[PDB]
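S.K.: Pasting a structure here, questions to come.
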Amino acid sequence: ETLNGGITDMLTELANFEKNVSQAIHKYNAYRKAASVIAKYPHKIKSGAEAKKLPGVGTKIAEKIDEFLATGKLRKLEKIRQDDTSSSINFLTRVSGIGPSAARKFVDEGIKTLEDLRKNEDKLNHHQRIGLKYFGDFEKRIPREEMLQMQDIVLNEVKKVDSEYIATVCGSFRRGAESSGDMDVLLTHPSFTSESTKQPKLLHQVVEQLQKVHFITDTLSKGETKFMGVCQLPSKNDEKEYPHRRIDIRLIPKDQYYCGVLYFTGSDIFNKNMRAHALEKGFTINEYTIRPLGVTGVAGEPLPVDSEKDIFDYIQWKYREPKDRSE
DNA sequence: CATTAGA
DNA sequence: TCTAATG
Ligand SMILES: [K+]
Ligand SMILES: [K+]
């Protein structure tokens, strides 16, 4: 957590690089298990050699550990950090809709900057255009105070359209968080669950609503179960318009809401942890259900859930307000 | 780890 | 169809 710190950081620096700038999925995957394993290790690595005894720790990496231990740096890292191409790649990547694969390509064509991409809007797809369009706004955090204004609007139309809907804004928003990165609305309806052959409209009606009143302003991608957009709070009585915000709405079979909600509410740890416990408690939990364990090794058979409680009850735990689902 | 775009 | 990009 801090004793193996630099080593793990150096290493991830390294991994991240192969994966992006290079297409070394392997080396990339290499640096990762290593950083992983050096990370668990309970002692101060004092040398490659010592490290080296670890699993995943080969000669390539150990060598790296010595240099880093030896001097407070590493050339390779110094070199990559300098590297205009790689730099270029790292940056393009901040554009929404630009993964590495596109970053490389663009670079190749020589589009290394924001300005570049503008001049070349034509080489970009809708998602990418939008992302470009909102590069600043997308990068900016969402203050809760705003999160409260968006949530408010959202539940309102949802309800106007059909009173049968159930919506929930998940994420750190749900867990307290002073600000968030984007809004995640989990949607469902009684008339749609596991079997009941869809109702693509169910997603549609809603988006259409939000659009109709100018809450939604663009669509990144819209499918029958997952819509991915951009929204904006009504710019007041002037002098202050709101930043463009990413939103995602997703339909869910009512018979799997709460686990979904559960899950998506996080946190990553509270989850893993509550999850590990259902194992003892004789269960299995995942983004959609909760099944009882069967001695033979594994088992099936989804228990029925009507609320975040049911899941709790089942693993015979203390109901945890989202607020403190921190871990 | 599953859903969407796009070519 | 595959492959990229999100989350
Ligand atoms: K080893
Ligand atoms: K990106």
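Using Swiss-Prot numbers, chain A covers 9-335, in order.
Cβ atoms here come from the backbone N, Cα and C positions, even for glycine.
OK, Swiss-Prot features for this one:
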{"type": "CROSSLNK", "residues": "A:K41", "note": "ubiquitin cross-link"}
{"type": "BINDING", "residues": "A:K60, A:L62, A:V65", "note": "Na(+) 1 binding site"}
{"type": "BINDING", "residues": "A:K60, A:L62, A:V65", "note": "K(+) 1 binding site"}
{"type": "CROSSLNK", "residues": "A:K61", "note": "ubiquitin cross-link"}
{"type": "ACT_SITE", "residues": "A:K72", "note": "active site, nucleophile"}
{"type": "CROSSLNK", "residues": "A:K81", "note": "ubiquitin cross-link"}
{"type": "MOD_RES", "residues": "A:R83", "note": "omega-N-methylarginine"}
{"type": "BINDING", "residues": "A:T101, A:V103, A:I106", "note": "Na(+) 2 binding site"}
{"type": "BINDING", "residues": "A:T101, A:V103, A:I106", "note": "K(+) 2 binding site"}
{"type": "BINDING", "residues": "A:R149, A:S180, A:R183, A:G189, A:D190", "note": "dCTP binding site"}
{"type": "BINDING", "residues": "A:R149, A:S180, A:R183, A:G189, A:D190", "note": "dATP binding site"}
{"type": "BINDING", "residues": "A:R149, A:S180, A:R183, A:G189, A:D190", "note": "dTTP binding site"}
{"type": "BINDING", "residues": "A:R149, A:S180, A:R183, A:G189, A:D190, A:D192", "note": "dGTP binding site"}
{"type": "MOD_RES", "residues": "A:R152", "note": "omega-N-methylarginine"}
{"type": "BINDING", "residues": "A:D190, A:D192", "note": "Mg(2+) 1 binding site"}
{"type": "BINDING", "residues": "A:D190, A:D192, A:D256", "note": "Mg(2+) 2 binding site"}
S.K.: Using Cα coordinates, what distance in whole Å links A:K41 (ubiquitin cross-link) and A:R149 (dCTP binding site)?
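M.R.: That separation, Cα to Cα, works out to 31 Å.
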S.K.: When DSSP is mapped onto helix/strand/coil, what comes out for A:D192 (dGTP binding site)?
M.R.: strand
S.K.: Within 8 Å of the Cβ centroid of the K(+) 2 site residues A:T101, A:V103, A:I106, which other residues of the same chain have their Cβ?
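M.R.: Near the K(+) 2 site, the remaining chain residues are A:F99, A:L100, A:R102, A:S104, A:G105, A:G107, A:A110, A:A111, A:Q136, A:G139.
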S.K.: Of A:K60, A:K61, A:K72, A:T101, A:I106, A:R149, which recorded positions come close to ligand 2, meaning Cβ under 6 Å from one of its atoms?
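M.R.: Near the molecule: A:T101, A:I106.
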S.K.: Give me the long-range Cβ neighbours of A:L62 (Na(+) 1 binding site): same chain, 6+ apart, Cβ under 8 Å, in sequence order.
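M.R.: Result: A:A42, A:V45, A:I46, A:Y49.
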S.K.: Got a sec? Which of A:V65, A:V103, A:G189, A:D190, A:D256, the binding-site residues, have CB under 6 Å of any ligand 1 atom?
M.R.: A:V65
S.K.: By CA distance, which of the recorded positions (A:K81, A:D190, A:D192) lies nearest to A:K60 (Na(+) 1 binding site)?
M.R.: A:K81
